[PDB]
Amino acid sequence: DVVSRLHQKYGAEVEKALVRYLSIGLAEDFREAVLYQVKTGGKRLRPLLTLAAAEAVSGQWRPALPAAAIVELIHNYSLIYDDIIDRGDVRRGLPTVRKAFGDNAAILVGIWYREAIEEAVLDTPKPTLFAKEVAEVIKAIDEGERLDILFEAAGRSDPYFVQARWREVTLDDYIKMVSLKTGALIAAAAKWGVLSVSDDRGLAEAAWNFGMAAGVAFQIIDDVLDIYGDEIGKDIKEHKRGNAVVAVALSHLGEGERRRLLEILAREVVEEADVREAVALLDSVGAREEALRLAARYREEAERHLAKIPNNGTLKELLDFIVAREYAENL
Amino acid sequence: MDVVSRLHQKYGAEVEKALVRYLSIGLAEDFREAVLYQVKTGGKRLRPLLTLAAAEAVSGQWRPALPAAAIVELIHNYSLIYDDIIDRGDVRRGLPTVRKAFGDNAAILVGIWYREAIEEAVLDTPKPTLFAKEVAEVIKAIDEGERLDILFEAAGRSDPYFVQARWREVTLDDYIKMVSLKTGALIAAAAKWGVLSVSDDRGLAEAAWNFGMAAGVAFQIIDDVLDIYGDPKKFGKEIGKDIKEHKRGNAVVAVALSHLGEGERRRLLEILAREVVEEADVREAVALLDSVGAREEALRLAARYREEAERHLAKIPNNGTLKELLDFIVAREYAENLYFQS
Ligand code: DMA
Ligand code: DMA
Ligand code: DMA
Ligand code: DMA
Ligand SMILES: [Mg+2]
Ligand SMILES: [Mg+2]
Ligand SMILES: [Mg+2]
Ligand SMILES: [Mg+2]
Ligand SMILES: [Mg+2]
Ligand SMILES: [Mg+2]
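Analysis parameters
- Here every chain is numbered from 1 following its written sequence, which may not line up with the entry's numbers; residues without coordinates are dropped from view.
- Both sets of labels track the order of writing: A upward for chains, 1 upward for ligands.
- In computing side-chain values, all of the structure's heavy atoms are included and hydrogens and water are not.
- Residues with missing side-chain atoms are left out of burial classes, side-chain pairs and their counts.
- UniProt positions are given in the numbering used here, feature names are shortened, and annotations may be inferred rather than shown by experiment.
- In this description, a donor is an N, O or S atom within 2.8 Å of the metal centre, a cutoff extended to 3.2 Å for sodium, potassium and calcium. Water is not part of the atom list, which can make sites seem incomplete.
- Helix numbering and strand numbering both begin at the N terminus, where a helix is a DSSP run of H or I of at least 4 residues and a strand a DSSP run of E of at least 2.
- Buried residues are those whose accessible area, probed at 1.4 Å on protein chains only, stays under 20% of the maximum for their type, while exposed residues exceed 50% and partly exposed ones sit between those limits.
- Lines are fitted to the C-alpha atoms to define the axes, a helix being fitted only along its stretch in contact, and any angle between axes, read from their N-to-C directions, falls within 0 to 180 degrees.
- Note on contacts: a residue pair qualifies if any of its non-hydrogen atoms lie within 4.5 Å across the two residues.
- Residues are grouped as follows: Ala, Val, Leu, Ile, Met, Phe, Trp, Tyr, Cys and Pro are nonpolar; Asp, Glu, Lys and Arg are charged; all remaining types, including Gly, are polar.

Naming follows the PDB entry, where chain B appears as Polyprenyl synthetase of Pyrobaculum calidifontis. Per the PDB header, the title for this entry is "Crystal structure of ISOPRENOID SYNTHASE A3MSH1 (TARGET EFI-501992) from pyrobaculum calidifontis complexed with DMAPP and Magnesium". As stated in UniProt under Cofactor (unreviewed entry), the record for chain B gives "Mg(2+)". In its Sequence similarities (unreviewed entry) section, the UniProt entry covering chain B states "Belongs to the FPP/GGPP synthase family."

Per the PDB entry, chain A goes by the name Polyprenyl synthetase and belongs to Pyrobaculum calidifontis. Of chain A, the UniProt comment under Cofactor (unreviewed entry) reads exactly: "Mg(2+)". The UniProt entry for chain A carries this comment under Sequence similarities (unreviewed entry): "Belongs to the FPP/GGPP synthase family."

It is worth spelling out the coordination of the magnesium ion (ligand 7) at this point. Residue and element names in this part refer to chain A. The coordination sphere of the magnesium ion (ligand 7), as far as protein atoms go, consists of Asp222 (OD) and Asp226 (OD), spread over 1.9 to 2.3 Å. With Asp222 and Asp226 both in helix α10 (residues 201-228) and four residues apart, the pair spans about one turn of that helix. The class for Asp222 is partly exposed, based on a relative accessible area of 25%.

Turning next to the coordination of the magnesium ion (ligand 5). All names here are of chain A. Looking at the magnesium ion (ligand 5), one finds its protein donor set to be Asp82 (OD) and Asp86 (OD), positioned 2.1 to 2.3 Å from the metal centre. Taken as a pair, the magnesium ion (ligand 5) and the magnesium ion (ligand 6) show a spacing of 3.2 Å, with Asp82 coordinating each metal. The class for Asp82 is buried, based on a relative accessible area of 15%. We classify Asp86 as partly exposed; its relative accessible area is 38%.

Residues and elements named next belong to chain B. Contact geometry of helix α12 (residues 251-259) with helix α13 (residues 262-272) gives a least axis separation of 9 Å together with a crossing angle of 145°. Where α12 abuts α13, its residues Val253, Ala256 and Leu257 lie against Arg265, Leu268, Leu269 and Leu272. For the contact of α12 with α13, the residue count by class is six nonpolar, no polar and one charged.

See the structure below:
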């Protein structure tokens, strides 16, 4: 499989780069806490995409290593803060930073990550350009995260999350939110591959579009799982209207059913019977199959952009992996 | 007509405008109030004033130093947003903190936003790649100083890392290292960045940095003296505040620990480690500090850095306003008011 193969090919050099940028100026008694997040594993799909994109358009991958490190560091920076925000105890089967070291320690670590990202930016072939792209993409992620949280129906005490809670969450709102929270960084992973080794603006734009559509399809599929399992109803227990199946259901359910699903989502604690009841409501408008169809739409869009990129065989394999093409179709 | 009020009048409108411009790039209407809050709660803006006064001293112009002035003040506020989360601070500048008004998690989204606004400002400076590196270094310095400050505490934290990595001993050298990072570096940067914005003179840039660093260290030491002995005049400022907050990273405490005998050293540390430090514990701790004259030694240490700041400042042309700001920053009048006491 393509991910194992590129991990065996690129993995050691990616990991070296991550530790390298993080270690600059890093005090010895802070080293364990700072490196923890990049030592807990993870798929590294994003840096592999960046390196495969560079290899595709130029036949070289090493010049894109700084970009690959930036994208994976941005990913982990967002995870560290998201774990604090969501009070996540476990990720990749291991304790989170906030869990192992503390919420406040995790904040000092997230601060360190962003400056390690800047060191990496300065080590790219086009520092001023990557500096701008990084600011834009991290603002997209932050805004996506804000919307994801404001799309919850309950569960937060922050005066801001309570007061600014969105009254209604449409399918268009859902798609805008995932494009920012998940799409933008995958789009960046692909585009930065290209920018690292080429000045062809049209190839960089096509890589971006490709990565954006792949990232949207990826999130949609993730949402279907996070409703229908490999537990069951994770996103329902977390009160999320910003989930593809829920969003789709809300756009079809009748008045009574809609009100009731929202009621269930807004419950301070969601129990088994509530999850089964909510899912039944989803299935009653075929929300699962419609969400699956929306994923296929973005997969097909990603394919159209990918066609503009030369030597794209490996990226095509990565795409199938990312959008979990095999599993979705099986379903 | 004090220098801070004078410079607020001259620079303030443009500074405030710059802060808002960089924060507002890409900012969603429903997030706007939460993000601009930290810069609308006021603040003395000493750092950007220093930046703009340094640029003006060396070149006669301050406007080209606006992006850098925005950077330094954004970093200042960025660090404040997270420090308030970390310390669970309810109030600052007499208003609710960001975390207080909007929530701890909302404040994280705000801090994340502040750092990208800083990067927008970096890219708007005259030497974007030079400024981008300096910003990375100064923020790491601040994060490191903040880390040490916390690990130099004696109790009061529930993070496993803050408890298990807490330092066994805190010397006066550790203390100075920590405050140079936590407080000195950003004031060093403020002055250096003013010069960088308008001059390629590397020797002038280095003098400004060294000047700002010494000034920042002197300022922190005087602040430490106050956060032990209290402000005689300012209302309801508690005696022994840094004692109640379990700080060994306070100039008076570190001086004391370096001189006190073992019995006395042990007792001071027992007191700092109390979960809740009683009024009577404070009085006993202060007596321990006074027993080795730790207060006057801290004030002497502040004089040393003030004097170092002046030596560096003498290398900078047209430095009259910077001299006034130095006197403000290190609270010269107050520190000399205390030593004309005895
Ligand atoms: C927004 C989102 C789905 C984050 C998880 O990404 P991932 O599946 O790439 O996680 P990991 O880094 O653990 O592979
Ligand atoms: C951008 C980012 C870090 C998203 C994580 O979102 P989440 O909390 O919905 O996902 P997870 O369940 O992986 O924490
Ligand atoms: C870390 C540190 C020494 C902060 C000083 O705050 P300040 O006196 O500059 O506060 P403000 O920004 O409110 O004027
Ligand atoms: C770098 C930074 C923002 C330090 C804050 O210092 P502190 O928590 O010791 O005091 P305060 O919260 O009053 O600034
Ligand atoms: Mg999460
Ligand atoms: Mg989340
Ligand atoms: Mg999910
Ligand atoms: Mg504080
Ligand atoms: Mg603090
Ligand atoms: Mg103090």
